[PDB]
Each structure stands twice: as structure tokens, then as C-alpha cells.
Amino acid sequence: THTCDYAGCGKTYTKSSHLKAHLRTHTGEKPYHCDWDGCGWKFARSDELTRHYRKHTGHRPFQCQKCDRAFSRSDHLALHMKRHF
DNA sequence: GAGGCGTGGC
DNA sequence: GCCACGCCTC
Ligand SMILES: [Zn+2]
Ligand SMILES: [Zn+2]
Ligand SMILES: [Zn+2]
């Protein structure tokens with residue numbers, strides 16, 4: 001009942017604010033700008049900008065508690081964990 | 001590993 | 001509107 005009434009889009013969202021995020025696919029709007037010296041990258045989604053900053057910093061906050069390997073995202077770790085059993 | 005994106009608690 | 005879990009497809 002939160003329908004994306006742009007053009008012929010068939011999409012509805014269970015949350016007014018997810019529709020707004022989705023509308024950015026039709027407008028190109030990227031409100032989230034990388035502030036890394038001389039970089040210039042921008043994103044439609046804040047969490048995508050977060051993943052980006054992890055390239056720059058090489059921060060990997062997700063540490064496997066069973067080996068040395070670390071990850072930038074939790075899903076990568078979860079997938080890796082399973083490989084341990 | 002990486003990008004896109006649906007989602008729900010806050 | 002943040003943020004982040006997590007799933008999908010490559
Ligand atoms: Zn749409
Ligand atoms: Zn950057
Ligand atoms: Zn491990």
C-alpha cells in the first residue's frame with residue numbers, strides 16, 4: 001500500500017520510508033557522499049557508503065572467532081563460519 | 001568478495 | 001531517516 005507510482009513501476013513497500021529509498025532508482029539521487037580526500041563517490045544508500053569506506057580504510061569489524069580471518073560484513077562471516085563445521 | 005536491495009527496530 | 005541483518009545473483 002506504499003506503491004511506487006513512478007512511470008510504470010509495479011512496486012509497493014511495507015513502509016513509507018522504503019518507498020522513498022526506492023524512488024532513488026528512478027531519480028538517480030545519491031544523498032550519501034564519500035568524504036575521502038579526492039574520491040568523489042556518492043551513493044543512493046547509506047549502508048552502501050559504509051561498505052565503500054571499508055575499501056578506503058580496510059576496516060573489517062567482523063572477526064571470525066575460530067580463525068585469523070576477518071570480514072567487512074556480517075553475512076560474509078556467517079557464510080565463512082559455516083565452513084568451520 | 002562485492003553490489004543491489006528488502007526489511008524491521010530504533 | 002539511521003543502521004544493519006541477511007538474502008539474492010554474479
Ligand atoms: Zn519504482
Ligand atoms: Zn571514497
Ligand atoms: Zn574462521
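The chains referred to below are lettered A, B, ... by the order of the sequence lines, with proteins before strands, and numbering in each begins at 1. Only this structure's heavy atoms are used, side chains among them; waters, hydrogens and symmetry mates stay out.
Across every non-hydrogen atom of A/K42 and A/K30, the tightest pair is CB-CB, 3.8 Å. Of all heavy-atom pairs spanning A/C34 and A/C39, the tightest one is SG-SG, 3.5 Å. Here the closest non-hydrogen pair linking A/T3 and A/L19 is O-CD2, 3.4 Å. Residues A/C4 and A/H26 share a closest heavy-atom pair of SG-NE2, 3.6 Å. Minimum interatomic distance between A/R69 and A/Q63 (heavy atoms only, all atoms of both residues): O-OE1, 3.4 Å. Of all heavy-atom pairs spanning A/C67 and A/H80, the tightest one is SG-NE2, 3.2 Å.
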message = For a side chain to side chain contact (heavy atoms under 4.5 Å, CB included) check, start with the C-alpha distance between A/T25 and A/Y6, then their side-chain angles and the critical distance, and finish with the verdict.
response = CA-CA 10 Å; A/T25 60; A/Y6 182 97; over 6 Å; no
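Side-chain nitrogen and oxygen atoms of A/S74 include at least one within less than 4.0 Å of the OP1 or OP2 phosphate oxygen of C/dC5.
Aromatic rings from A/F62 and A/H76 are positioned such that their centres are separated by 6.0 Å or more. Ring centroid separation for the pair A/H52 and A/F43 comes in under the 6.0 Å cut-off.
The CZ atom of A/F71 sits 15 Å away from the P atom of C/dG6 (whole-angstrom rounding). Rounded to an integer number of Å, the gap from A/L23 CG to B/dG6 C1' is 15 Å. For the pair A/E48 CD and C/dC3 P, the computed distance is 15 Å after rounding to whole Å. One atom, NE2 of A/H18, and another, P of B/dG9, lie 10 Å apart when rounded to the nearest Å. Counting to the nearest Å, the P atom of B/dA2 and the NE2 atom of A/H80 are 15 Å from each other. Whole-Å rounding puts the A/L49 CG to B/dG3 P distance at 12 Å. Note: CG (A/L77) to P (C/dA4) measures 15 Å, nearest angstrom. In this entry the distance linking CZ of A/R24 with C1' of C/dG1 reads 9 Å, nearest Å.
Stacking between A/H22 and B/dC5 is absent: the aromatic ring centre is not both under 5.5 angstrom from the base six-membered ring centre and within 30 degrees in plane angle.
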remark   = A correct dot-bracket answer for DNA chain B, with pairs being Watson-Crick or G-U at under 3.5 Å, [ ] for crossing pairs and | for inter-strand pairs, is ||||||.|||
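One N or O donor and one acceptor, one from the side chain of A/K15 and one from the base of B/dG9, sit under 3.5 Å apart. Residue A/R51 places a side-chain atom within donor-acceptor reach of the base of B/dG3, judged by atom type and a 3.5 Å distance cut-off alone.
The side chain of A/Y32 lies closest to C/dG1, out of C/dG1, B/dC5, B/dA2.
The closest side-chain donor-acceptor pair between A/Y13 and A/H22 falls under 3.5 angstrom.
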Grab the N/O contacts between the protein and nucleotides 8-10 of chain C below 3.5 Å, and write none if there aren't any.
none

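A/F62 comes within contact range of the sugar-phosphate backbone alone, with a heavy-atom separation under 4.0 Å but no base atom that close. Within 4.0 Å of A/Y13, counting heavy atoms only, lie sugar-phosphate atoms of the nucleic acid but no base atom.
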